[PDB]
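Residue numbers (the entry's author numbering), protein chains in the order written: chain A, 594 to 639; chain B, 446, 462 to 517, 536 to 544; chain C, 5 to 282, 334 to 507; chain D, 309 to 359; chain E, 21 to 97, 104 to 328.
Ideal Cβ placement from N, Cα and C applies to all residues, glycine included.
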Amino acid sequence: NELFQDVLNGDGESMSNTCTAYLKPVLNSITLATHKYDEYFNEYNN
Amino acid sequence: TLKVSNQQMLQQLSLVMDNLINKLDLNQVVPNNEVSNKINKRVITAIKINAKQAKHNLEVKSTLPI
Amino acid sequence: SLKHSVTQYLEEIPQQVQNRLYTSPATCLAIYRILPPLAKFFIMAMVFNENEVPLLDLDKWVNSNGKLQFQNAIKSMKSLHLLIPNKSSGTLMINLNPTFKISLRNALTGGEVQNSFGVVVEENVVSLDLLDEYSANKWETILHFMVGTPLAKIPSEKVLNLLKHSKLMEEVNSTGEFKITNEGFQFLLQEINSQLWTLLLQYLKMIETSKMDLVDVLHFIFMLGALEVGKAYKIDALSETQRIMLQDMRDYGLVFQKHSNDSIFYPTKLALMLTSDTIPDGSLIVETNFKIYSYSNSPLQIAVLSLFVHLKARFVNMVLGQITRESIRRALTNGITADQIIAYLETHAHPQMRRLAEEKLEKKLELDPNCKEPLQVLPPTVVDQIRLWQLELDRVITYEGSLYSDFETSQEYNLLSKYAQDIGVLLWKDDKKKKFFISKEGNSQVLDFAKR
Amino acid sequence: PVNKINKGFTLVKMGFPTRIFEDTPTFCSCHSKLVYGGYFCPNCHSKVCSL
Amino acid sequence: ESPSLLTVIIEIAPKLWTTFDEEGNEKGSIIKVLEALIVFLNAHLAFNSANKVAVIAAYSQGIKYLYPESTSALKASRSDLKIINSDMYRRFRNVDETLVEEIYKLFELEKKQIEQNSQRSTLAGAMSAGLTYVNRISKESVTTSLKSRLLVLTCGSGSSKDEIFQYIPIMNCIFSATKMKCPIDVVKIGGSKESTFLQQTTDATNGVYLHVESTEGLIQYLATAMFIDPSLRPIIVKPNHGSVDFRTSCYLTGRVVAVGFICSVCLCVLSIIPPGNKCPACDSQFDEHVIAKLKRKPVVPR
Ligand SMILES: [Zn+2]
Ligand SMILES: [Zn+2]
Ligand SMILES: [Zn+2]
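Dropping the structure here:
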């Protein structure tokens with residue numbers, strides 16, 4: 594997210610969409626991994 | 446995630477018999493200039509989807543600076 | 005080649021003649037097979053829908069790596085007037101030719117065809133032993149006359165007039181004998197389908213009389229292309245122009261007829277090679344001592360070798376011939392280039408020549424893989440000797456015209472020389488010698504410029 | 309042909325990825341290069357180049 | 021450029037077509053699809069002078085070649107029936123007459139023993155026979171550099187579900203076609219929108235999949251989408267919509283498989299650990315330790 598906002602205020606959003614699309618699969622995959630971790634964490638807490 | 465009887469089986473088979481005997485008019489295949497519009501629209505939309513997918517399918539060039 | 009020649013000839017046909025040409029379904033069927041495969045695909049996708057079709061849809065049909073073939077197909081379509089482009093609502097609208105579409109749909113689905121494929125009368129003769137024999141007899145007769153071997157039977161005066169009036173097969177009346185040109189021997193190189201097509205296109209070029217209808221002749225040619233060998237067809241479905249050009253084809257050997265003015269006619273195999281095609336005879340061996348051993352018993356392949364090979368002896372298998380200097384000079388005085396001879400020697404090379412060349416190339420590539428060499432199937436010594444004899448025939452090149460000199464002023468000579476350079480007839484200029492040369496066709500312009 | 313004495317008959321956990329379709333190049337997870345196509349992993353949703 | 025062999029695999033199942041007729045408003049759609057196929061074959065033979073046509077019918081009790089006729093049938097025969111008009115092109119007329127005569131013979135055979143009902147669909151066997159015929163014509167090489175293309179005309183009609191016994195033969199046909207560079211084009215005429223095995227057949231063998239619901243106007247579909255000649259395959263994009271996931275079904279549950287477990291011996295696909303720690307299709311006793319490792323829950327601190 595820091596890289597995305599850095600290219601946002603560096604190149605003015607006409608180009609940051611390409612940067613976001615370049616790193617979209619890895620961001621979605623690590624989001625999925627953190628979601629799985631949080632789901633199992635909340636399962637083992639209760 | 462409607463099974464058919466043998467009587468109407470034989471009736472449909474005999475219908476195909478008489479329809480093949482009396483006349484197989486091959487000129488009947490021509491569409492009525494209205495269903496052909498829908499068929500062409502469906503095929504061209506499928507082609508547009510596939511071609512937009514397969515327009516662009536060593537790594538590729540990037541618009542980003544190095 | 006073959007498809008390019010008929011495509012160019014049908015291109016030369018005017019549009020209103022082409023629309024009349026699309027009436028018979030057989031002509032449309034034969035014309036359709038000449039088109040490129042992308043063009044054939046687009047036509048057949050566009051026949052069955054009656055509504056007009058955008059060009060951008062056809063552009064979206066074609067992949068990005070075949071757009072040049074799409075442009076070639078559209079150019080061939082538009083130039084042959086199979087498409088009527090339409091400009092309505094700002095879109096390059098494409099409509100198929102209605103006569104062509106109707107005739108092709110009737111040809112496929114079956115229906116009204118006005119006997120464009122003829123009518124079979126079910127009485128037949130043997131094809132290989134009679135029809136193929138008659139076609140081969142007439143074809144060997146005309147080819148044997150044309151190559152210049154003595155003949156007890158010569159072909160009729162119609163094909164003699166056509167050959168004399170052709171670009172090929174020249175004749176001089178001062179000696180009284182008939183000569184092969186460069187195109188005469190060039191005619192021998194291609195296989196007989198495009199040989200027949202070149203003869204038929206020359207005949208089509210020369211049917212300008214009022215007794216000949218061009219569209220009827222083209223319909224008959226494509227109709228004979230559509231027929232099947234070994235079955236008679238009734239003559240009553242034809243026109244009288246079509247009947248007498250059927251008689252002329254029977255003279256040419258395309259079609260067999262049992263008797264003149266008969267009601268039936270039997271198409272031969274040459275009718276079906278007219279559409280498309282489908334050790335061998337004529338296979339030859341060349342050695343470094345210029346000896347030729349050509350495994351052929353057909354008199355035509357022996358006769359075509361007599362144009363440039365001094366034959367010495369003949370067996371049933373081959374003729375023992377030798378490529379001598381005077382035989383090649385005999386070929387070169389008839390206009391036959393060295394490249395045509397070398398191409399003929401290559402195309403009839405023995406399989407043993409092929410495998411020896413392959414072995415030599417295999418040994419060459421493993422020794423020096425940096426450089427790649429072409430497959431020299433026949434020895435380079437005989438090829439170099441043929442080209443040397445070609446060069447020694449052409450030690451001098453002659454141009455007739457006029458040379459203008461004795462100019463007291465440099466500026467007038469310079470102005471005349473640059474005027475001759477502008478009109479593209481000058482062959483020499485030089486200010487040191489004050490002389491400039493022009494061609495005989497270019498004499499008139501410079502002379503009227505000098506007079507005025 | 310394996311021997312009868314071999315008793316290593318084990319289930320192999322594996323996934324069947326779906327062929328992702330995208331006109332925008334994205335970084336693959338196996339070689340870190342821009343790839344148009346790919347196969348998103350059915351377990352962790354990381355795209356791969358080849359299968 | 022180069023001629024091609026068009027091997028048509030039409031699945032004329034009387035039960036499937038009767039169910040399709042009952043689902044639709046019209047009756048006798050076999051006649052419509054047959055005449056559309058005949059016009060399409062005439063178009064293919066009009067594409068090039070030297071191209072050939074093969075037609076194999078997958079009926080209820082086996083397969084039968086429709087064009088050309090059997091050599092024993094050719095030697096025994104000729105009662106030229108008048109189904110097709112005799113004034114058309116003879117090259118088309120012979121093919122059309124042979125096809126309709128063999129259709130009548132096969133339908134008389136179907137009427138003769140319609141009391142016997144078989145649950146074994148023979149589409150895959152007809153596809154294998156068409157591939158063998160393609161191999162025969164290519165290896166014979168009477169016409170040099172002869173291409174090939176399989177067209178599969180099938181009907182689902184919303185009555186027959188997906189059949190699991192066809193999976194391995196369809197995959198074998200896929201690999202044979204991919205080895206021989208022969209595209210397999212599939213036209214499905216039925217209520218079921220997706221046929222996963224045939225979609226995988228079209229996708230893997232560089233074919234075109236086309237699902238339609240009305241037999242009317244089918245010749246437009248055939249002459250537009252199915253007329254991709256093998257010579258012009260790379261320069262023409264394919265309208266095959268509905269990309270298949272290339273997955274498979276679980277052995278004991280039947281659902282389409284996610285991340286799953288396969289047997290190391292017989293490669294049967296299981297979406298869950300089988301009961302009894304034994305392979306269902308393979309009868310191999312799995313080790314309890316390795317499947318306990320697979321059953322292990324992931325870790326997280328409290
Ligand atoms: Zn990668
Ligand atoms: Zn993963
Ligand atoms: Zn197993």
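- Across the set 155(E), 198(E), 264(E), 207(E), the C-alpha of 207(E) shows the shortest separation from the C-alpha of residue 172(E).
- For residue 95(C), there are no C-beta contacts with chain B under 9 Å, since the nearest C-beta of that chain is about 14 Å from it.
- Selection 165(C), 498(C), 460(C), 82(C) evaluated against residue 99(C) yields 82(C) as nearest (Cα-Cα).
- Closer than 8 Å to the CB of residue 344(D) there is at least one CB belonging to chain B.
- Residue 354(C) carries a helical assignment under DSSP once its states are collapsed to helix, strand and coil.
- Residue 85(C) sits in coil when the DSSP states are folded into three classes, being neither helix nor strand.
- For residue 232(E), there is no enclosing alpha helix (DSSP H), as DSSP gives it neither H nor E.
- Boundaries of the beta strand (DSSP E) around residue 377(C): 374-377.
- Per DSSP, residue 211(E) is one residue of the beta strand (DSSP E) stretching across 210-215.
- A straight line joining the alpha-carbon of residue 402(C) with that of residue 243(C) spans about 43 Å.
- Against chain D, a Cβ distance below 8 Å from residue 600(A) picks out nothing, because the smallest value is about 15 Å.
- Taking 8 Å as the cut-off, the Cβ atoms of residue 49(E) and residue 136(E) do not count as close.
- A Cβ-Cβ distance of about 6 Å is found for the pair residue 500(B) and residue 53(C), placing them in contact under the 8 Å criterion.
- Runs of the alpha helix (DSSP H) lying entirely within the region 115-168 of chain E and spanning at least 4 residues, in chain order: 116-138, 149-166.
- The beta carbon of residue 338(D) does not come within 8 Å of any beta carbon belonging to chain A, so the residue lies off that interface.
- When Cβ-Cβ separations below 8 Å define contact, residue 607(A) makes no contact with chain D.
- Cβ-Cβ distances below 8 Å link residue 185(C) to 171, 172, 173, 174, 389, 390 in the same chain, with the five nearest sequence neighbours on each side left out; the list follows chain order.
- At a cut-off of 8 Å, the C-beta of residue 358(D) has no neighbouring C-beta in chain A.
- Look at the region 479-491 of chain B: the residues with a C-beta under 9 Å from a C-beta of chain C are 485, 486, 487, 488, 489, 490, 491.
- The set of residues with a C-beta under 5 Å from any non-hydrogen atom of ligand 3 comprises 289(E), 291(E), 292(E), 305(E), 308(E), 310(E), given in chain order.
- Around the CB of residue 5(C), fewer than 16 other CB atoms lie within 10 Å, so the residue is classed as exposed.
- Under the 8 Å criterion on CB atoms, residue 341(D) is classed as non-interfacial with respect to chain A.
- Judged by DSSP in its simplified three-state form, residue 24(E) adopts strand.
- Closer than 8 Å to the CB of residue 266(E) there is at least one CB belonging to chain B.
- Residue 504(C) holds the alpha-carbon nearest to the alpha-carbon of residue 478(C) among 425(C), 465(C), 504(C).
- Contact between residue 113(E) and residue 114(C) is confirmed by a C-beta separation of about 7 Å, below the 8 Å threshold.
- The chain-ordered list of residues whose CB is nearer than 6 Å to some heavy atom of ligand 2 reads 349(D), 351(D), 352(D), 354(D).
- Its Cα nearest to that of residue 176(E), the residue 25(E) stands out among 322(E), 91(E), 56(E), 25(E).
- A heavy atom of ligand 1 is found nearer than 7 Å to the CB of residue 338(D).
- DSSP places residue 456(C) inside the beta strand (DSSP E), whose first and last residues are 456-459.
- CA-to-CA, the gap between residue 544(B) and residue 338(D) works out to about 20 Å.
- Distance from the CA atom of residue 88(C) to the CA atom of residue 117(E), rounded to whole angstroms, is 30 Å.
- In the three-state reduction of the DSSP assignment, residue 404(C) falls in the strand class, which pools E and B.
- Judged by the Cβ position, residue 181(E) fails to qualify as a neighbour of ligand 1 at the 7 Å threshold, every heavy atom of the ligand being at least this far.
- Chain B places a beta carbon closer than 8 Å to that of residue 611(A), counting this residue as a contact.
- Between residue 217(E) and residue 265(E), the alpha-carbon positions lie close to 20 Å from each other.
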